[PDB]
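Participant: This is the structure I have questions about; it appears just below.
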Amino acid sequence: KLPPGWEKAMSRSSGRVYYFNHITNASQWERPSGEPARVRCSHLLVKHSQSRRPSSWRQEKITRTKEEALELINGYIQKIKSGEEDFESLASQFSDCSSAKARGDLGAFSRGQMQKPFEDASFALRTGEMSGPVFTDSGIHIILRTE
Ligand SMILES: OCc1cccc(-c2cncnc2)c1
Ligand SMILES: OCc1cccc(-c2cncnc2)c1
């Protein structure tokens with residue numbers, strides 16, 4: 001019926017159908033369009049107090065809760081989707097990953113290299129697509145597939 005991981009849902013506030021991907025946590029109004037050895041992705045990471053290493057170049061001691069980190073991620077997603085801010089700009093300023101210095105770019109990678117929820121979301125994204133919040137032991141990610 002639909003590409004890998006998509007399903008139909010109904011908006012609670014408008015009653016309009018929309019589509020949700022349970023691998024990438026992406027959601028959109030339009031019916032999704034239409035696997036490679038490698039993909040290239042950027043990401044924006046927001047760590048929390050239960051992250052494997054609760055520290056980053058932004059903060060020596062990361063104390064925000066998981067729920068607070070999800071609220072920050074959700075806000076970044078809203079501004080990217082509105083065009084008020086670019087993904088690269090938010091990643092450079094606010095990602096808790098060292099890759100912030102490269103606008104979030106991780107380069108290319110194969111299956112078996114990244115943490116599994118990150119890998120699965122990366123490979124389920126189509127080129128140019130953005131994930132919703134993706135949870136790993138490092139924290140919460142927004143993933144952008146660039147190649
Ligand atoms: O630390 C700077 C830097 C630059 C470029 C790549 C990495 C890296 C990190 N972890 C796994 N693989 C590659 C790190
Ligand atoms: O897995 C690749 C990887 C992982 C984590 C960080 C990087 C990176 C890239 N560019 C600049 N700084 C850090 C790359």
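Ordering of the structure tokens sets the chain letters (A, B, ...), residue numbers begin anew at 1 in every chain, and ligands are numbered from 1 in the order given.
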Please, which residues have at least one atom within 6 Å of an atom of ligand 2, using only C-alpha atoms and all ligand atoms, listed as JSON, numbers by chain?
Facilitator: {"A": [98, 99, 101, 102, 105, 106]}
Participant: Excluding residue 75 in chain A and residues on its chain fewer than 4 positions from it, collect all residues at most 12 Å away from it, counting only C-alpha atoms, and give them as number ranges by chain.
Facilitator: A: 46, 68-71, 79-82, 84-85, 87, 90, 94, 132-133, 142
Participant: Hey, can you spit out that residue selection with C-alpha atoms as a compact mmCIF listing (two decimals), in the first residue's frame?
Facilitator:
```txt
# COMPACT_ATOMS: atom_id res chain seq x y z
CA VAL A 46 19.49 17.22 22.19
CA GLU A 68 12.40 18.90 28.39
CA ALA A 69 14.72 17.66 25.62
CA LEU A 70 11.71 16.45 23.63
CA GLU A 71 10.09 19.87 23.99
CA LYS A 79 10.71 26.27 13.10
CA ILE A 80 12.35 24.10 10.42
CA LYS A 81 8.94 23.16 8.99
CA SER A 82 7.73 26.79 9.00
CA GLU A 84 11.53 30.42 10.16
CA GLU A 85 14.86 28.62 10.71
CA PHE A 87 18.02 22.84 9.89
CA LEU A 90 19.72 25.18 14.33
CA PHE A 94 22.05 23.93 19.39
CA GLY A 132 10.62 13.36 13.63
CA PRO A 133 12.11 12.86 17.11
CA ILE A 142 16.33 15.21 14.33
```
Participant: Which residues are near range 136-140 of chain A? Cut-off 12 Å, only C-alpha atoms, ignore same chain within fewer than 3 positions. Put them as a CSV table (one decimal) with N, CA, C and O atoms, in the first residue's frame.
Facilitator:
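This went into around_10.csv:
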```
chain,number,residue,atom,x,y,z
A,25,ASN,N,9.4,8.5,12.7
A,25,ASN,CA,8.5,9.5,13.5
A,25,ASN,C,8.1,10.7,12.7
A,25,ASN,O,7.7,11.7,13.2
A,43,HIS,N,22.4,15.5,11.6
A,43,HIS,CA,21.5,15.4,12.7
A,43,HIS,C,21.6,16.6,13.6
A,43,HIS,O,22.7,17.3,13.6
A,44,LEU,N,20.6,16.8,14.4
A,44,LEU,CA,20.6,17.8,15.5
A,44,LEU,C,20.3,16.9,16.7
A,44,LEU,O,19.2,16.3,16.8
A,45,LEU,N,21.2,16.9,17.7
A,45,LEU,CA,21.0,16.1,18.9
A,45,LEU,C,20.7,16.9,20.1
A,45,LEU,O,21.3,18.0,20.3
A,46,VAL,N,19.7,16.5,20.9
A,46,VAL,CA,19.5,17.2,22.2
A,46,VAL,C,19.7,16.2,23.3
A,46,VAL,O,18.9,15.2,23.3
A,47,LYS,N,20.7,16.3,24.1
A,47,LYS,CA,20.9,15.4,25.2
A,47,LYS,C,20.1,15.7,26.4
A,47,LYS,O,19.5,16.8,26.5
A,48,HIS,N,20.0,14.7,27.3
A,48,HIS,CA,19.2,14.9,28.5
A,48,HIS,C,20.0,14.2,29.6
A,48,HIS,O,21.0,13.5,29.4
A,49,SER,N,19.5,14.3,30.9
A,49,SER,CA,20.2,13.8,32.0
A,49,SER,C,20.4,12.3,32.0
A,49,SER,O,21.3,11.8,32.7
A,50,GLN,N,19.6,11.5,31.2
A,50,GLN,CA,19.8,10.1,31.1
A,50,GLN,C,20.6,9.7,29.9
A,50,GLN,O,20.7,8.5,29.6
A,51,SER,N,21.1,10.7,29.1
A,51,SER,CA,22.0,10.3,28.0
A,51,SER,C,23.2,9.5,28.5
A,51,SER,O,23.6,9.6,29.6
A,52,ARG,N,23.7,8.6,27.6
A,52,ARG,CA,24.9,7.8,28.0
A,52,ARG,C,26.0,8.7,28.5
A,52,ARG,O,26.6,8.3,29.5
A,53,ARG,N,26.3,9.8,27.8
A,53,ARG,CA,27.2,10.8,28.3
A,53,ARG,C,26.5,12.1,28.4
A,53,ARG,O,26.4,12.8,27.4
A,54,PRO,N,26.0,12.5,29.6
A,54,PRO,CA,25.3,13.8,29.8
A,54,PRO,C,26.2,15.0,29.8
A,54,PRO,O,26.3,15.7,30.8
A,55,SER,N,27.0,15.2,28.7
A,55,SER,CA,27.9,16.3,28.6
A,55,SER,C,28.0,16.6,27.1
A,55,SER,O,27.9,15.7,26.3
A,56,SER,N,28.4,17.8,26.8
A,56,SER,CA,28.6,18.2,25.4
A,56,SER,C,29.4,19.5,25.3
A,56,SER,O,29.7,20.1,26.3
A,62,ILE,N,24.9,18.3,31.5
A,62,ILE,CA,23.6,18.4,30.9
A,62,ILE,C,22.6,17.8,31.9
A,62,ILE,O,22.6,16.7,32.3
A,64,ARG,N,19.0,18.8,31.8
A,64,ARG,CA,17.6,18.8,31.4
A,64,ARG,C,17.0,17.4,31.3
A,64,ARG,O,17.7,16.4,31.1
A,65,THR,N,15.7,17.3,31.6
A,65,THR,CA,15.1,16.0,31.6
A,65,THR,C,14.8,15.6,30.1
A,65,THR,O,14.8,16.4,29.2
A,66,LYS,N,14.6,14.3,30.0
A,66,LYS,CA,14.1,13.8,28.7
A,66,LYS,C,12.9,14.5,28.1
A,66,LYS,O,12.9,14.8,26.9
A,67,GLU,N,11.9,14.8,29.0
A,67,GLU,CA,10.7,15.5,28.5
A,67,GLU,C,11.1,16.9,28.1
A,67,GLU,O,10.5,17.4,27.1
A,68,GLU,N,12.0,17.6,28.8
A,68,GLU,CA,12.4,18.9,28.4
A,68,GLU,C,13.2,18.8,27.1
A,68,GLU,O,13.0,19.7,26.2
A,69,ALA,N,14.0,17.8,26.9
A,69,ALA,CA,14.7,17.7,25.6
A,69,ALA,C,13.8,17.4,24.5
A,69,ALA,O,14.0,17.9,23.3
A,70,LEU,N,12.7,16.7,24.7
A,70,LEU,CA,11.7,16.5,23.6
A,70,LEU,C,11.0,17.8,23.3
A,70,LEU,O,10.7,18.0,22.1
A,71,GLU,N,10.7,18.6,24.3
A,71,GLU,CA,10.1,19.9,24.0
A,71,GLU,C,11.0,20.7,23.1
A,71,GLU,O,10.5,21.4,22.2
A,72,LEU,N,12.3,20.8,23.4
A,72,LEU,CA,13.2,21.5,22.6
A,72,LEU,C,13.2,21.0,21.1
A,72,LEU,O,13.1,21.8,20.2
A,73,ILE,N,13.4,19.7,21.0
A,73,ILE,CA,13.3,19.0,19.7
A,73,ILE,C,12.0,19.4,18.9
A,73,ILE,O,12.1,19.8,17.7
A,74,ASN,N,10.9,19.3,19.6
A,74,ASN,CA,9.6,19.6,19.0
A,74,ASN,C,9.6,21.1,18.5
A,74,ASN,O,9.1,21.4,17.4
A,76,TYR,N,12.3,23.0,17.6
A,76,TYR,CA,13.2,23.0,16.4
A,76,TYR,C,12.5,22.5,15.2
A,76,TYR,O,12.6,23.1,14.1
A,95,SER,N,22.9,21.8,18.5
A,95,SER,CA,23.1,20.3,18.6
A,95,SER,C,24.2,20.0,19.7
A,95,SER,O,25.2,20.6,19.7
A,96,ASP,N,23.9,19.1,20.6
A,96,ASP,CA,24.8,18.6,21.6
A,96,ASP,C,25.9,17.7,21.0
A,96,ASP,O,26.6,17.1,21.8
A,97,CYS,N,25.9,17.4,19.7
A,97,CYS,CA,26.9,16.6,19.1
A,97,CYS,C,28.0,17.5,18.5
A,97,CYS,O,27.8,18.6,18.2
A,114,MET,N,25.8,2.9,13.2
A,114,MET,CA,25.2,3.8,14.1
A,114,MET,C,24.3,3.0,15.1
A,114,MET,O,24.0,1.8,14.9
A,115,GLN,N,23.8,3.7,16.1
A,115,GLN,CA,22.8,3.1,17.0
A,115,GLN,C,21.6,2.7,16.2
A,115,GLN,O,21.2,3.4,15.3
A,116,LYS,N,21.0,1.6,16.6
A,116,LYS,CA,19.9,1.0,15.8
A,116,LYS,C,18.8,2.0,15.5
A,116,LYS,O,18.3,2.0,14.3
A,117,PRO,N,18.2,2.7,16.4
A,117,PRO,CA,17.0,3.5,16.0
A,117,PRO,C,17.4,4.6,15.1
A,117,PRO,O,16.6,5.0,14.2
A,118,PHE,N,18.6,5.2,15.2
A,118,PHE,CA,19.2,6.2,14.3
A,118,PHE,C,19.4,5.6,12.9
A,118,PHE,O,19.0,6.1,11.9
A,119,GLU,N,20.0,4.4,12.9
A,119,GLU,CA,20.2,3.7,11.6
A,119,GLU,C,18.9,3.4,10.9
A,119,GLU,O,18.7,3.7,9.7
A,120,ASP,N,17.9,2.9,11.6
A,120,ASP,CA,16.7,2.5,11.0
A,120,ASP,C,16.0,3.7,10.4
A,120,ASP,O,15.5,3.7,9.3
A,121,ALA,N,16.0,4.8,11.2
A,121,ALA,CA,15.3,6.0,10.7
A,121,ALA,C,16.1,6.6,9.5
A,121,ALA,O,15.4,7.0,8.5
A,131,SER,N,13.4,13.4,9.6
A,131,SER,CA,12.7,12.6,10.6
A,131,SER,C,11.9,13.4,11.6
A,131,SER,O,12.1,14.6,11.7
A,132,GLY,N,11.1,12.8,12.4
A,132,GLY,CA,10.6,13.4,13.6
A,132,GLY,C,11.6,13.1,14.7
A,132,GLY,O,12.8,12.7,14.5
A,133,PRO,N,11.2,13.2,16.0
A,133,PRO,CA,12.1,12.9,17.1
A,133,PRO,C,12.5,11.4,17.1
A,133,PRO,O,11.6,10.5,17.1
A,143,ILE,N,16.9,14.0,12.3
A,143,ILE,CA,17.8,13.4,11.3
A,143,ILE,C,17.4,14.0,9.9
A,143,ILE,O,16.2,14.0,9.6
```
Participant: Quick one: residues within 9 Å of residue 5 in chain A, only C-alpha atoms, excluding same-chain residues fewer than 3 positions away - as a PyMOL selection string?
Facilitator: chain A and resi 2+20-24+124
Participant: Those same residues, written as a CSV table (one decimal), in the first residue's frame with C-alpha atoms?
Facilitator:
```
chain,number,residue,atom,x,y,z
A,2,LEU,CA,2.5,2.6,1.3
A,20,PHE,CA,2.8,8.8,10.0
A,21,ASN,CA,6.0,6.8,9.8
A,22,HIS,CA,6.7,4.7,12.8
A,23,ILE,CA,10.4,4.2,12.0
A,24,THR,CA,11.3,7.9,11.4
A,124,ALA,CA,13.8,4.7,5.9
```
Participant: What are the DSSP helix (DSSP H, G or I) residues of chain A, as a ChimeraX atom specification?
Facilitator: /A:66-82,87-94,98-102,116-124
Participant: Could you jot down the CA of residue 37 in chain A to CA of residue 109 in chain A separation for me, Å, one decimal place?
Facilitator: 8.4 Å
Participant: Given only C-alpha atoms as the basis, pick out the residue of A:38, A:28, A:61, A:141 nearest to residue 112 in chain A.
Facilitator: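 Among the listed residues, A:38 lies closest to residue 112 in chain A.
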Participant: May I have all residues of range 75-145 of chain A that DSSP, computed from the backbone, assigns to strand (DSSP E), given as a PyMOL selection string?
Facilitator: chain A and resi 105-109+134-136+139-145
Participant: Take the residues that were just selected and, keeping N, CA, C and O atoms, output them as a compact mmCIF listing (two decimals), in the first residue's frame.
Facilitator:
```txt
# COMPACT_ATOMS: atom_id res chain seq x y z
N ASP A 105 26.45 17.57 9.85
CA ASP A 105 26.79 16.51 8.91
C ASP A 105 27.61 15.41 9.55
O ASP A 105 28.65 15.67 10.16
N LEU A 106 27.14 14.16 9.40
CA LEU A 106 27.84 12.98 9.87
C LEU A 106 28.60 12.27 8.77
O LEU A 106 29.35 11.32 9.07
N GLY A 107 28.46 12.70 7.51
CA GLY A 107 28.98 11.95 6.39
C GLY A 107 28.18 10.69 6.10
O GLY A 107 27.09 10.45 6.65
N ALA A 108 28.73 9.87 5.22
CA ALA A 108 28.02 8.67 4.77
C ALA A 108 28.34 7.47 5.67
O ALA A 108 29.39 7.41 6.32
N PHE A 109 27.42 6.51 5.70
CA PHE A 109 27.59 5.34 6.56
C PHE A 109 26.70 4.20 6.08
O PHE A 109 25.73 4.40 5.36
N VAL A 134 13.77 11.09 17.07
CA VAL A 134 14.27 9.72 17.11
C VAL A 134 15.08 9.53 18.40
O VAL A 134 15.99 10.31 18.68
N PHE A 135 14.73 8.51 19.18
CA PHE A 135 15.32 8.31 20.49
C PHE A 135 16.44 7.27 20.42
O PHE A 135 16.26 6.20 19.82
N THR A 136 17.58 7.58 21.03
CA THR A 136 18.70 6.65 21.15
C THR A 136 19.27 6.75 22.56
O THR A 136 18.83 7.57 23.37
N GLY A 139 20.41 10.45 23.27
CA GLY A 139 19.47 11.52 23.48
C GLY A 139 18.37 11.44 22.43
O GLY A 139 17.93 10.35 22.05
N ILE A 140 17.92 12.62 21.99
CA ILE A 140 16.86 12.75 20.99
C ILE A 140 17.43 13.47 19.77
O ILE A 140 18.11 14.49 19.92
N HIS A 141 17.18 12.92 18.59
CA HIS A 141 17.73 13.39 17.32
C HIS A 141 16.64 13.89 16.37
O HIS A 141 15.54 13.33 16.31
N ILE A 142 16.98 14.92 15.60
CA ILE A 142 16.33 15.21 14.33
C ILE A 142 17.32 14.83 13.25
O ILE A 142 18.46 15.30 13.27
N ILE A 143 16.90 13.97 12.32
CA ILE A 143 17.77 13.44 11.27
C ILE A 143 17.35 14.00 9.91
O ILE A 143 16.17 13.97 9.56
N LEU A 144 18.33 14.47 9.13
CA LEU A 144 18.09 14.92 7.76
C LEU A 144 18.92 14.05 6.83
O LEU A 144 20.15 14.01 6.95
N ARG A 145 18.26 13.34 5.93
CA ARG A 145 18.98 12.52 4.96
C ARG A 145 19.36 13.39 3.77
O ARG A 145 18.49 13.94 3.10
```
Participant: A:4, A:39, A:104, A:29: which is nearest ligand 1, counting only C-alpha atoms and all ligand atoms?
Facilitator: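 Answer, going by the shortest atom-to-atom distance: A:104.
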Participant: May I have the residues within 7 Å of residue 103 in chain A as a list in words, using only C-alpha atoms and disregarding those fewer than 6 positions away in the same chain?
Facilitator: residues 88, 89, 91 and 92 of chain A
Participant: Could the residues in this selection be written to a file with C-alpha atoms, as a short mmCIF file (atom, residue, chain, number, x, y, z; two decimals), in the first residue's frame?
Facilitator:
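The resulting again.cif:
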```cif
data_model
loop_
_atom_site.label_atom_id
_atom_site.label_comp_id
_atom_site.auth_asym_id
_atom_site.auth_seq_id
_atom_site.Cartn_x
_atom_site.Cartn_y
_atom_site.Cartn_z
CA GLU A 88 21.72 23.61 9.40
CA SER A 89 21.46 26.84 11.38
CA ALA A 91 22.15 22.26 14.31
CA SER A 92 25.17 24.57 14.34
#
```
Participant: Which residue, A:41, A:77, A:100, A:125, has the smallest gap to residue 3 in chain A when you use only C-alpha atoms?
Facilitator: A:125
Participant: Please compute the CA of residue 1 in chain A-CA of residue 111 in chain A distance, one decimal, in Å.
Facilitator: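 Taking CA of residue 1 in chain A and CA of residue 111 in chain A, their separation equals 25.5 Å.
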Participant: Counting only C-alpha atoms, which residue out of A:12, A:35, A:58, A:30 sits closest to residue 126 in chain A?
Facilitator: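 Distance minimum relative to residue 126 in chain A lands on A:35.
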